[PDB]
Amino acid sequence: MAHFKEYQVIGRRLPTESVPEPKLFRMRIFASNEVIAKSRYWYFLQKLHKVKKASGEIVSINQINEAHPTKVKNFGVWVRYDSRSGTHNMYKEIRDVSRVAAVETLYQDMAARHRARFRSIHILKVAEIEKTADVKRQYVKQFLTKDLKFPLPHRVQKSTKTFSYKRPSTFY
Amino acid sequence: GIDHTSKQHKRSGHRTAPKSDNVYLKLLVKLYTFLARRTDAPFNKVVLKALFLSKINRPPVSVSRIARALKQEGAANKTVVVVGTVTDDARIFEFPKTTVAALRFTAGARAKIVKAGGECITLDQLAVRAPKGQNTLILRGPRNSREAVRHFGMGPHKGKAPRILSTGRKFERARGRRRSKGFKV
Amino acid sequence: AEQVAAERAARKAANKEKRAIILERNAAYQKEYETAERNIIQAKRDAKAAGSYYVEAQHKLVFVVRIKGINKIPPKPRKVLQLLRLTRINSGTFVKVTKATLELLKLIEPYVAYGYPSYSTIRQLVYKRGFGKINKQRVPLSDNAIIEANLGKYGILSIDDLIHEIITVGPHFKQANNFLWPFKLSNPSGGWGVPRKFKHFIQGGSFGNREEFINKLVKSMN
Amino acid sequence: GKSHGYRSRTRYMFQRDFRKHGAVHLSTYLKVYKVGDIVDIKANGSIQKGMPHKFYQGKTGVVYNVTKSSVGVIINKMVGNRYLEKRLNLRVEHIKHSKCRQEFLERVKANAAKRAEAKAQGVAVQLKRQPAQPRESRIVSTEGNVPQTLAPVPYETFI
Amino acid sequence: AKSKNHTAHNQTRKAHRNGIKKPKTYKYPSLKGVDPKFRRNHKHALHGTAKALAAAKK
Amino acid sequence: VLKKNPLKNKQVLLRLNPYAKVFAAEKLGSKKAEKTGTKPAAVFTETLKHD
RNA sequence: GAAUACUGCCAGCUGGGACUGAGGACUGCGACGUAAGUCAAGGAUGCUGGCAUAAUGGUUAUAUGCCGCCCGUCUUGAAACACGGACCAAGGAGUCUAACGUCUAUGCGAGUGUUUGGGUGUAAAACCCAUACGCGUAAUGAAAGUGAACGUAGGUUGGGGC
RNA sequence: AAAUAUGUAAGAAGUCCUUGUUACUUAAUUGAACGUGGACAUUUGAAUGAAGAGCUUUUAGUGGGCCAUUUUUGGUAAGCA
Ligand SMILES: [K+]
Ligand SMILES: [Mg+2]
Ligand SMILES: [Mg+2]
Ligand SMILES: [Mg+2]
Ligand SMILES: [Mg+2]
Ligand SMILES: [Mg+2]
Ligand SMILES: [Mg+2]
Ligand SMILES: [Mg+2]
Ligand SMILES: [Mg+2]
Ligand SMILES: [Mg+2]
Ligand SMILES: [Mg+2]
Ligand SMILES: [Mg+2]
């Protein structure tokens, strides 16, 4: 389910005689498949408007691919989530090459640090930070220093066999 | 597992053979099995099913009942078929000349039918001369006229006969049967 | 010359003209499906060109698989599963989409997986697991003459005619669908794909409406 | 001890409606019931004669007998494992016609009219009602209706 | 030693085992409870219309 | 006496569906579609890329 | 302007492995062939090898892996820290009768029932039988009593069969 | 003033048009109920299913219950009632 795609979902109220041509509400949804994307669209129209799936219609669902999937981007992600004893807004930043994988990173991050399931999270916004110094979190800003380079000490090498004859080393 | 909507391994509830050991009846059943299979006439199927019936489901058919059935228009020349016994009836004083095919004729019934100019016939001769049940008329006797049926469904206000050995005053004609003694049924 | 060849040649000539009828029907059904698919694709392209949106027709047909066993079912869903003819696990039936049937599926949702079958799924299902209900017995189709003997009054002469009367919900859909015995499917060959079946498909489970993914599920199940 | 009288537990359903007490309006008494009419039982609490038992509040039945001021209504009552025929003698205060059977009778007339026209022109008039069908295709124009909507909203205290 | 007082548990399952059946309405229902003046009239109306039918048919 | 599945046993697949011979002889299962140069509209593209 | 990913389709081709071979003349649907025929088309054949006996197989004892609480009973619940049971043989518990209900079989049937008794006998059998009597063919009422066709033994609605 | 649960209807035992019965009803040749004759066609008037559908007789055991989700009373509570 975490292999997230981003869909645009455009829906509307069913046309009636008083109001033909309704207003075509459009949302950006992160979900694994189109069924979950449509369900999430109706869930949000249910909460934000007086619209439900019975008295509504989906006029379009389209997948949005990344414009430049092999370009490294800094993404600020505003979310609200329900903790065990309240509701909270947070801002986080993920350095990643695509919005979908940045959302994957945030869902894993939010599950790891706050024990917050996909059930409990609303993605308020995912935005590219255009330039450095608008980055605010040190854990991302530390990766933006010039001539970035670092070793990887203590290499642990996976062994194909039960027994080894060489007393392995961790050089790298 | 299966969610069974109906009871499993349920017998049809219908007789497929006579309950008796009469070999002549079993020969008749064999003949009308062959006829009910190789002929499409529903007469042979109805006769075959009637050949399986018990005694209470084969009430006797009187000659007066046959004469009344022959008073029907278009039925003067028909062959009356009784899968059972034709009993006698002295209540009548004229009998039409006709052909009756039955399992059994009482001595009085056979004498009355033959004296009227007609003939008594068995179901096998019926099969021989009317293989498809041509111009036959199947008659059945009264099934609810049985004395046991009077007591079926006994209960308050049902108007049925109690199961009783001695009849008269002092035998269940008191409290529960009249308003002056408690209540009435 | 005991008069065997005359009726044998009459029967072969009748069989040949019946097969010519089935062949010309199947050709016209193939062109009908081909244009039905190409028109929808070209309609979406035209709507994109004009800046509008083409909302497709809502799906007229679903395929429903009972994915739950027979123990501990409340009476109302138990009755609806009996009415949809899903009496054992991994049984399947086709359903025409109406408000009445959609409320039936909305009422047995935790016990079934349903969705919108494709032509390939319906064709392979009917060819491989299609049995007819003939004189209350479950008869393998295996022949066009059986389907013509039981559905010939409705103009359904072959298995392809039956498949078309299912994929397009025709006038005689109810008779053709009830003539089909409930499909007895096997467990999916690659599993269900989820740790736990008895959540909704949206919630990472298996039951509910998974509309277009029912094709992959049913293909693995047969 | 327990109490199970005739009008027990009828405190609210034999109320009159709020600001609807007093005398009954004459259209109750000008309604004509024939044998075979289908009627709904709802007791008027201000008339204590011919009053149905609490069980039959809301039941719908068929009129079998018509008397001076009352009708005989047949109701099927579930007793044990079967339905028992129950015969009620109710004053017309507690009785109204079934409006559903009124639209059924009107639909019968409309069906006859449709078949009558189709017998002359336009055969295959297809009388039967059909359930709500799935929608057909359509083209939703965007011109003047450009889609525009935002995302979910942040949490706020509002206290 | 007190026991259980009452429960309707299993009663609906028992009731539905042999189904709950409608009372099998007939054409020409019984005239029991119908107004006696109507019944007295209807006997004579039926007698007269059968007389007219038999007189016409002969 | 024995149910022989189609989709294999081309003899049975030809006993049913005589059109399967024409379908194979013409490769209708791999039909090449006509190239169409119908572009999407700018309002559609801009709406899709809109935040 | 292409490629590819992803998803989907093919009545596209093909390699390896496993279990099964039910039926037992023919009939059918087919397919390839101008036909004549042929076939993978309503269920396995062909070829080859070894042994022809404890070899396979059965039984039995044992070992090994995994599983397996003591039966009977009362009970919501028994392996129970509930009761009966040390072991074995033999015996050991829904019978017959009077009257009766439903169902079934048989005989005869507006009747039916010989067997109280008589006759007879190859002698507790078998065979034969008069008059009665029981039940039934009439009900209802406390009783005195009275006591069943207006009609093709009625009309209406269904109704098998003809 | 919900949700859930709950009654009824969705036709042939029907509808319409004439004119027949009556001791009931009307001021009335008005109705009521039941009819004769005539017309309505195969979508005989929503969906899905129906495993055969109805009906009858007769008889066994049972008439200590207990558990779980949800609703819920007494009780501080209870593997309580
Ligand atoms: K008690
Ligand atoms: Mg595997
Ligand atoms: Mg009073
Ligand atoms: Mg163990
Ligand atoms: Mg024990
Ligand atoms: Mg213990
Ligand atoms: Mg003890
Ligand atoms: Mg001891
Ligand atoms: Mg002892
Ligand atoms: Mg012994
Ligand atoms: Mg003994
Ligand atoms: Mg007890």
# chains A, B, ... in the order shown; residues from 1 in each chain; ligands from 1
>>> closest_atom_pairs(of="chain A", to="chain F", cutoff="8 Å", atoms="only C-alpha atoms", output="tab-separated table")
residue	atom	partner	partner_atom	distance
A:8	CA	F:48	CA	6.9
A:28	CA	F:51	CA	7.6
A:62	CA	F:48	CA	7.8
A:64	CA	F:48	CA	7.2
>>> residues_near_ligand(ligand="ligand 5", cutoff="12 Å", atoms="only C-alpha atoms (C1' of nucleotides) and all ligand atoms", output="PDB file with N, CA, C and O atoms (P, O5', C5', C4', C3', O3' and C1' of nucleotides), in the first residue's frame")
ATOM      1  P     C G  69      -4.504 -37.041  25.326  1.00  0.00           P
ATOM      2  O5'   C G  69      -4.820 -38.214  26.349  1.00  0.00           O
ATOM      3  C5'   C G  69      -3.786 -39.006  26.905  1.00  0.00           C
ATOM      4  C4'   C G  69      -4.025 -39.329  28.360  1.00  0.00           C
ATOM      5  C3'   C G  69      -5.315 -40.059  28.698  1.00  0.00           C
ATOM      6  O3'   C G  69      -5.057 -40.916  29.804  1.00  0.00           O
ATOM      7  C1'   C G  69      -5.233 -38.047  29.905  1.00  0.00           C
ATOM      8  P     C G  70      -4.460 -42.389  29.602  1.00  0.00           P
ATOM      9  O5'   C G  70      -5.722 -43.318  29.773  1.00  0.00           O
ATOM     10  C5'   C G  70      -6.451 -43.326  30.986  1.00  0.00           C
ATOM     11  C4'   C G  70      -7.831 -43.871  30.775  1.00  0.00           C
ATOM     12  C3'   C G  70      -8.802 -42.930  30.069  1.00  0.00           C
ATOM     13  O3'   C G  70      -9.672 -43.706  29.256  1.00  0.00           O
ATOM     14  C1'   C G  70      -9.690 -43.568  32.138  1.00  0.00           C
ATOM     15  P     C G  71     -10.169 -43.178  27.830  1.00  0.00           P
ATOM     16  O5'   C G  71     -11.423 -44.098  27.533  1.00  0.00           O
ATOM     17  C5'   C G  71     -12.693 -43.781  28.069  1.00  0.00           C
ATOM     18  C4'   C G  71     -13.370 -44.970  28.691  1.00  0.00           C
ATOM     19  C3'   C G  71     -14.847 -44.783  28.960  1.00  0.00           C
ATOM     20  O3'   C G  71     -15.637 -45.011  27.820  1.00  0.00           O
ATOM     21  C1'   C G  71     -13.816 -45.661  30.881  1.00  0.00           C
ATOM     22  P     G G  72     -16.902 -44.094  27.548  1.00  0.00           P
ATOM     23  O5'   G G  72     -17.892 -44.465  28.728  1.00  0.00           O
ATOM     24  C5'   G G  72     -18.566 -45.706  28.730  1.00  0.00           C
ATOM     25  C4'   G G  72     -19.334 -45.929  30.003  1.00  0.00           C
ATOM     26  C3'   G G  72     -20.247 -44.814  30.462  1.00  0.00           C
ATOM     27  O3'   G G  72     -21.453 -44.719  29.739  1.00  0.00           O
ATOM     28  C1'   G G  72     -19.039 -45.588  32.293  1.00  0.00           C
ATOM     29  P     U G  73     -22.062 -43.285  29.407  1.00  0.00           P
ATOM     30  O5'   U G  73     -22.671 -42.770  30.774  1.00  0.00           O
ATOM     31  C5'   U G  73     -23.539 -43.557  31.567  1.00  0.00           C
ATOM     32  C4'   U G  73     -23.639 -42.996  32.957  1.00  0.00           C
ATOM     33  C3'   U G  73     -24.148 -41.575  33.056  1.00  0.00           C
ATOM     34  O3'   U G  73     -25.554 -41.530  32.996  1.00  0.00           O
ATOM     35  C1'   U G  73     -22.272 -41.859  34.472  1.00  0.00           C
ATOM     36  P     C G  74     -26.302 -40.383  32.183  1.00  0.00           P
ATOM     37  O5'   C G  74     -26.309 -39.148  33.177  1.00  0.00           O
ATOM     38  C5'   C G  74     -27.243 -39.100  34.237  1.00  0.00           C
ATOM     39  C4'   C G  74     -26.861 -38.137  35.325  1.00  0.00           C
ATOM     40  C3'   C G  74     -26.709 -36.674  34.956  1.00  0.00           C
ATOM     41  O3'   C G  74     -27.937 -35.997  34.767  1.00  0.00           O
ATOM     42  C1'   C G  74     -24.948 -37.322  36.385  1.00  0.00           C
ATOM     43  P     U G  75     -28.145 -35.012  33.520  1.00  0.00           P
ATOM     44  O5'   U G  75     -27.228 -33.753  33.819  1.00  0.00           O
ATOM     45  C5'   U G  75     -27.281 -33.056  35.048  1.00  0.00           C
ATOM     46  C4'   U G  75     -26.020 -32.274  35.274  1.00  0.00           C
ATOM     47  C3'   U G  75     -25.761 -31.172  34.267  1.00  0.00           C
ATOM     48  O3'   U G  75     -26.469 -29.980  34.555  1.00  0.00           O
ATOM     49  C1'   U G  75     -23.802 -32.465  34.536  1.00  0.00           C
ATOM     50  P     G G  77     -22.910 -30.259  29.910  1.00  0.00           P
ATOM     51  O5'   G G  77     -21.405 -29.981  30.326  1.00  0.00           O
ATOM     52  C5'   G G  77     -20.503 -29.316  29.451  1.00  0.00           C
ATOM     53  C4'   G G  77     -19.304 -28.800  30.196  1.00  0.00           C
ATOM     54  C3'   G G  77     -18.543 -29.815  31.030  1.00  0.00           C
ATOM     55  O3'   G G  77     -17.639 -30.587  30.261  1.00  0.00           O
ATOM     56  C1'   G G  77     -18.928 -27.876  32.314  1.00  0.00           C
ATOM     57  P     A G  78     -17.745 -32.185  30.197  1.00  0.00           P
ATOM     58  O5'   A G  78     -16.743 -32.677  31.318  1.00  0.00           O
ATOM     59  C5'   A G  78     -15.375 -32.304  31.269  1.00  0.00           C
ATOM     60  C4'   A G  78     -14.480 -33.306  31.948  1.00  0.00           C
ATOM     61  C3'   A G  78     -14.669 -34.764  31.524  1.00  0.00           C
ATOM     62  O3'   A G  78     -13.401 -35.407  31.496  1.00  0.00           O
ATOM     63  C1'   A G  78     -14.956 -34.566  33.849  1.00  0.00           C
ATOM     64  P     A G  79     -12.662 -35.685  30.108  1.00  0.00           P
ATOM     65  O5'   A G  79     -11.230 -36.197  30.540  1.00  0.00           O
ATOM     66  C5'   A G  79     -10.937 -37.582  30.621  1.00  0.00           C
ATOM     67  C4'   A G  79      -9.994 -37.860  31.756  1.00  0.00           C
ATOM     68  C3'   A G  79     -10.539 -37.541  33.132  1.00  0.00           C
ATOM     69  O3'   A G  79     -11.302 -38.603  33.660  1.00  0.00           O
ATOM     70  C1'   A G  79      -8.421 -36.552  32.887  1.00  0.00           C
ATOM     71  P     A G  80     -12.308 -38.365  34.874  1.00  0.00           P
ATOM     72  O5'   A G  80     -11.368 -38.213  36.141  1.00  0.00           O
ATOM     73  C5'   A G  80     -11.835 -37.652  37.358  1.00  0.00           C
ATOM     74  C4'   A G  80     -10.769 -36.823  38.023  1.00  0.00           C
ATOM     75  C3'   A G  80     -11.258 -36.002  39.200  1.00  0.00           C
ATOM     76  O3'   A G  80     -10.172 -35.734  40.085  1.00  0.00           O
ATOM     77  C1'   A G  80     -10.574 -34.559  37.474  1.00  0.00           C
ATOM     78  P     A G  82     -13.016 -33.221  42.774  1.00  0.00           P
ATOM     79  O5'   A G  82     -13.619 -34.294  43.776  1.00  0.00           O
ATOM     80  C5'   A G  82     -13.894 -35.627  43.378  1.00  0.00           C
ATOM     81  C4'   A G  82     -15.375 -35.901  43.345  1.00  0.00           C
ATOM     82  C3'   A G  82     -15.785 -37.353  43.193  1.00  0.00           C
ATOM     83  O3'   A G  82     -15.829 -38.027  44.433  1.00  0.00           O
ATOM     84  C1'   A G  82     -16.963 -36.040  41.629  1.00  0.00           C
ATOM     85  P     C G  83     -15.059 -39.404  44.637  1.00  0.00           P
ATOM     86  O5'   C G  83     -16.186 -40.486  44.407  1.00  0.00           O
ATOM     87  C5'   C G  83     -17.409 -40.431  45.115  1.00  0.00           C
ATOM     88  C4'   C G  83     -18.509 -41.069  44.318  1.00  0.00           C
ATOM     89  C3'   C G  83     -18.271 -42.497  43.871  1.00  0.00           C
ATOM     90  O3'   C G  83     -18.662 -43.424  44.872  1.00  0.00           O
ATOM     91  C1'   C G  83     -19.027 -41.180  42.038  1.00  0.00           C
ATOM     92  P     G G  84     -17.904 -44.826  45.056  1.00  0.00           P
ATOM     93  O5'   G G  84     -18.317 -45.698  43.802  1.00  0.00           O
ATOM     94  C5'   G G  84     -19.559 -46.373  43.727  1.00  0.00           C
ATOM     95  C4'   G G  84     -19.593 -47.266  42.521  1.00  0.00           C
ATOM     96  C3'   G G  84     -18.350 -48.102  42.284  1.00  0.00           C
ATOM     97  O3'   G G  84     -18.318 -49.283  43.054  1.00  0.00           O
ATOM     98  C1'   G G  84     -18.945 -47.037  40.284  1.00  0.00           C
TER      99        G G  84
END
>>> select_by_dssp(residues="segment 33-145 of chain D", states="strand (DSSP E or B)", output="PyMOL selection string")
chain D and resi 38-41+60-66+70-79+82-91+95-97+138-140
>>> write_last_selection(atoms="N, CA, C and O atoms", output="tab-separated table (two decimals), in the first residue's frame")
chain	number	residue	atom	x	y	z
D	38	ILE	N	-57.84	-1.18	1.86
D	38	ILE	CA	-56.65	-1.42	2.67
D	38	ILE	C	-56.43	-0.18	3.51
D	38	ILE	O	-56.32	0.92	2.98
D	39	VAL	N	-56.38	-0.36	4.83
D	39	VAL	CA	-56.37	0.77	5.75
D	39	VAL	C	-55.24	0.63	6.76
D	39	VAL	O	-54.75	-0.46	7.04
D	40	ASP	N	-54.84	1.77	7.31
D	40	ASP	CA	-53.82	1.86	8.34
D	40	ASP	C	-54.47	2.16	9.68
D	40	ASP	O	-55.34	3.03	9.77
D	41	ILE	N	-54.04	1.46	10.72
D	41	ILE	CA	-54.60	1.63	12.05
D	41	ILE	C	-53.72	2.61	12.82
D	41	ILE	O	-52.51	2.41	12.93
D	60	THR	N	-51.42	-2.50	9.09
D	60	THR	CA	-52.20	-2.24	7.90
D	60	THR	C	-52.98	-3.49	7.55
D	60	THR	O	-52.44	-4.59	7.58
D	61	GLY	N	-54.26	-3.32	7.24
D	61	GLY	CA	-55.10	-4.47	6.98
D	61	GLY	C	-56.15	-4.25	5.92
D	61	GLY	O	-56.19	-3.21	5.27
D	62	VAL	N	-57.02	-5.24	5.75
D	62	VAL	CA	-58.07	-5.21	4.73
D	62	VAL	C	-59.41	-5.18	5.44
D	62	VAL	O	-59.62	-5.86	6.44
D	63	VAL	N	-60.31	-4.35	4.92
D	63	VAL	CA	-61.65	-4.21	5.48
D	63	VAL	C	-62.50	-5.38	5.00
D	63	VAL	O	-62.63	-5.61	3.79
D	64	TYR	N	-63.08	-6.12	5.94
D	64	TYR	CA	-63.98	-7.21	5.59
D	64	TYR	C	-65.43	-6.92	5.95
D	64	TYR	O	-66.33	-7.49	5.32
D	65	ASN	N	-65.69	-6.07	6.93
D	65	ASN	CA	-67.04	-5.78	7.37
D	65	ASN	C	-67.21	-4.28	7.57
D	65	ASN	O	-66.31	-3.61	8.06
D	66	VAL	N	-68.38	-3.77	7.19
D	66	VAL	CA	-68.70	-2.35	7.31
D	66	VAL	C	-69.99	-2.24	8.12
D	66	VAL	O	-71.03	-2.75	7.71
D	70	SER	N	-68.26	1.76	12.28
D	70	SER	CA	-67.02	1.03	12.41
D	70	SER	C	-66.79	0.17	11.18
D	70	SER	O	-67.71	-0.08	10.39
D	71	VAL	N	-65.55	-0.26	11.02
D	71	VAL	CA	-65.18	-1.20	9.98
D	71	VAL	C	-64.51	-2.39	10.64
D	71	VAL	O	-63.96	-2.30	11.74
D	72	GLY	N	-64.61	-3.54	9.97
D	72	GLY	CA	-63.94	-4.73	10.38
D	72	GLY	C	-62.66	-4.88	9.59
D	72	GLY	O	-62.68	-4.97	8.37
D	73	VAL	N	-61.54	-4.90	10.30
D	73	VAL	CA	-60.21	-4.92	9.69
D	73	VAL	C	-59.56	-6.26	10.00
D	73	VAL	O	-59.54	-6.70	11.15
D	74	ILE	N	-59.04	-6.91	8.97
D	74	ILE	CA	-58.33	-8.18	9.10
D	74	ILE	C	-56.83	-7.90	9.15
D	74	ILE	O	-56.28	-7.25	8.25
D	75	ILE	N	-56.17	-8.37	10.20
D	75	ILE	CA	-54.74	-8.19	10.42
D	75	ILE	C	-54.11	-9.56	10.64
D	75	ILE	O	-54.67	-10.40	11.34
D	76	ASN	N	-52.95	-9.78	10.03
D	76	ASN	CA	-52.21	-11.01	10.27
D	76	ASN	C	-51.25	-10.78	11.43
D	76	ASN	O	-50.41	-9.88	11.37
D	77	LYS	N	-51.39	-11.57	12.48
D	77	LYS	CA	-50.59	-11.40	13.69
D	77	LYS	C	-49.69	-12.61	13.87
D	77	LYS	O	-50.17	-13.74	13.86
D	78	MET	N	-48.40	-12.37	14.07
D	78	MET	CA	-47.46	-13.47	14.24
D	78	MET	C	-47.57	-13.99	15.66
D	78	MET	O	-47.23	-13.28	16.62
D	79	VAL	N	-48.06	-15.21	15.81
D	79	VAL	CA	-48.17	-15.87	17.09
D	79	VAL	C	-47.40	-17.18	16.98
D	79	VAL	O	-47.86	-18.12	16.32
D	82	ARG	N	-46.45	-19.03	13.19
D	82	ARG	CA	-47.36	-18.81	12.07
D	82	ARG	C	-48.11	-17.51	12.30
D	82	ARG	O	-48.06	-16.92	13.38
D	83	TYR	N	-48.79	-17.05	11.26
D	83	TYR	CA	-49.65	-15.88	11.34
D	83	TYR	C	-51.09	-16.30	11.57
D	83	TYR	O	-51.59	-17.20	10.89
D	84	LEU	N	-51.73	-15.68	12.54
D	84	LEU	CA	-53.14	-15.91	12.83
D	84	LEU	C	-53.96	-14.74	12.31
D	84	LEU	O	-53.55	-13.59	12.44
D	85	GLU	N	-55.07	-15.07	11.66
D	85	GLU	CA	-56.03	-14.07	11.22
D	85	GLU	C	-56.68	-13.42	12.43
D	85	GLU	O	-57.24	-14.11	13.28
D	86	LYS	N	-56.61	-12.10	12.52
D	86	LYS	CA	-57.22	-11.36	13.61
D	86	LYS	C	-58.22	-10.38	13.03
D	86	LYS	O	-57.95	-9.72	12.03
D	87	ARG	N	-59.40	-10.31	13.64
D	87	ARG	CA	-60.48	-9.49	13.14
D	87	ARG	C	-60.81	-8.42	14.16
D	87	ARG	O	-61.15	-8.73	15.30
D	88	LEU	N	-60.71	-7.17	13.74
D	88	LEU	CA	-60.86	-6.02	14.61
D	88	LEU	C	-62.10	-5.23	14.21
D	88	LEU	O	-62.43	-5.13	13.03
D	89	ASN	N	-62.77	-4.66	15.20
D	89	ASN	CA	-63.92	-3.79	15.00
D	89	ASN	C	-63.52	-2.39	15.44
D	89	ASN	O	-63.49	-2.10	16.64
D	90	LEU	N	-63.21	-1.52	14.48
D	90	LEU	CA	-62.63	-0.22	14.78
D	90	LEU	C	-63.50	0.89	14.25
D	90	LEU	O	-63.92	0.86	13.09
D	91	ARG	N	-63.75	1.89	15.09
D	91	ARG	CA	-64.40	3.10	14.62
D	91	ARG	C	-63.48	3.82	13.64
D	91	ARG	O	-62.25	3.72	13.72
D	95	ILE	N	-58.84	4.97	11.82
D	95	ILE	CA	-58.66	4.29	10.54
D	95	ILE	C	-58.43	5.33	9.44
D	95	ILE	O	-59.15	6.33	9.37
D	96	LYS	N	-57.42	5.10	8.60
D	96	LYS	CA	-57.21	5.90	7.41
D	96	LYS	C	-56.85	4.98	6.25
D	96	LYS	O	-56.35	3.88	6.45
D	97	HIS	N	-57.14	5.45	5.04
D	97	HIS	CA	-56.85	4.70	3.83
D	97	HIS	C	-55.35	4.61	3.59
D	97	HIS	O	-54.59	5.52	3.91
D	138	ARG	N	-21.21	10.41	-20.40
D	138	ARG	CA	-21.49	11.82	-20.57
D	138	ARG	C	-20.16	12.55	-20.76
D	138	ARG	O	-19.09	12.01	-20.49
D	139	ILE	N	-20.26	13.78	-21.24
D	139	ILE	CA	-19.10	14.64	-21.47
D	139	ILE	C	-19.25	15.86	-20.58
D	139	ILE	O	-20.13	16.69	-20.81
D	140	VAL	N	-18.40	15.97	-19.57
D	140	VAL	CA	-18.47	17.06	-18.61
D	140	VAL	C	-17.58	18.19	-19.10
D	140	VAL	O	-16.35	18.10	-19.02
>>> residues_around(residues="residue 18 of chain E", least_positions_apart="6", cutoff="12 Å", atoms="only C-alpha atoms (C1' of nucleotides)", output="PyMOL selection string")
(chain B and resi 6-7) or (chain D and resi 80-82) or (chain E and resi 12)
>>> select_by_dssp(residues="segment 88-176 of chain B", states="helix (DSSP H, G or I)", output="list in words")
residues 107, 108, 109, 110, 111, 112, 113, 114, 115, 123, 124, 125, 126, 127, 128, 129, 148, 149, 150 and 151 of chain B
>>> residues_near_ligand(ligand="ligand 3", cutoff="10 Å", atoms="only C-alpha atoms (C1' of nucleotides) and all ligand atoms", output="list in words")
residues 48, 49 and 50 of chain D
>>> residues_near_ligand(ligand="ligand 10", cutoff="12 Å", atoms="only C-alpha atoms (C1' of nucleotides) and all ligand atoms", output="PDB file with N, CA, C and O atoms (P, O5', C5', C4', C3', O3' and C1' of nucleotides), in the first residue's frame")
ATOM      1  P     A G  89     -14.534 -62.888  31.212  1.00  0.00           P
ATOM      2  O5'   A G  89     -15.298 -64.240  31.540  1.00  0.00           O
ATOM      3  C5'   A G  89     -14.796 -65.494  31.111  1.00  0.00           C
ATOM      4  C4'   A G  89     -15.448 -66.634  31.847  1.00  0.00           C
ATOM      5  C3'   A G  89     -16.963 -66.687  31.797  1.00  0.00           C
ATOM      6  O3'   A G  89     -17.439 -67.311  30.620  1.00  0.00           O
ATOM      7  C1'   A G  89     -16.233 -66.982  34.021  1.00  0.00           C
ATOM      8  P     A G  90     -18.602 -66.645  29.751  1.00  0.00           P
ATOM      9  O5'   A G  90     -19.935 -67.017  30.533  1.00  0.00           O
ATOM     10  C5'   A G  90     -20.402 -68.352  30.622  1.00  0.00           C
ATOM     11  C4'   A G  90     -21.255 -68.563  31.844  1.00  0.00           C
ATOM     12  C3'   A G  90     -22.483 -67.683  31.989  1.00  0.00           C
ATOM     13  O3'   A G  90     -23.575 -68.100  31.193  1.00  0.00           O
ATOM     14  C1'   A G  90     -21.329 -67.751  34.037  1.00  0.00           C
ATOM     15  P     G G  91     -24.448 -67.020  30.401  1.00  0.00           P
ATOM     16  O5'   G G  91     -25.460 -66.463  31.494  1.00  0.00           O
ATOM     17  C5'   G G  91     -26.396 -67.326  32.123  1.00  0.00           C
ATOM     18  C4'   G G  91     -26.926 -66.749  33.408  1.00  0.00           C
ATOM     19  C3'   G G  91     -27.655 -65.422  33.304  1.00  0.00           C
ATOM     20  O3'   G G  91     -29.008 -65.561  32.912  1.00  0.00           O
ATOM     21  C1'   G G  91     -26.108 -65.332  35.076  1.00  0.00           C
ATOM     22  P     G G  92     -29.658 -64.527  31.883  1.00  0.00           P
ATOM     23  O5'   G G  92     -29.607 -63.133  32.638  1.00  0.00           O
ATOM     24  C5'   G G  92     -30.399 -62.872  33.785  1.00  0.00           C
ATOM     25  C4'   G G  92     -30.049 -61.539  34.386  1.00  0.00           C
ATOM     26  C3'   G G  92     -30.130 -60.339  33.449  1.00  0.00           C
ATOM     27  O3'   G G  92     -31.432 -59.792  33.372  1.00  0.00           O
ATOM     28  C1'   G G  92     -28.089 -60.288  34.638  1.00  0.00           C
TER      29        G G  92
END
>>> residues_near_ligand(ligand="ligand 2", cutoff="10 Å", atoms="only C-alpha atoms (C1' of nucleotides) and all ligand atoms", output="compact mmCIF listing (two decimals) with N, CA and C atoms, in the first residue's frame")
# COMPACT_ATOMS: atom_id res chain seq x y z
N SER C 189 -4.01 -18.95 -6.75
CA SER C 189 -2.75 -19.67 -6.91
C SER C 189 -1.59 -18.95 -6.23
N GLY C 190 -1.59 -17.63 -6.25
CA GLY C 190 -0.53 -16.91 -5.57
C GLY C 190 -0.95 -16.38 -4.22
N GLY C 191 -2.03 -16.92 -3.67
CA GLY C 191 -2.57 -16.41 -2.43
C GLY C 191 -3.45 -15.19 -2.66
>>> residues_near_ligand(ligand="ligand 1", cutoff="6 Å", atoms="only C-alpha atoms (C1' of nucleotides) and all ligand atoms", output="PyMOL selection string")
chain E and resi 2-5
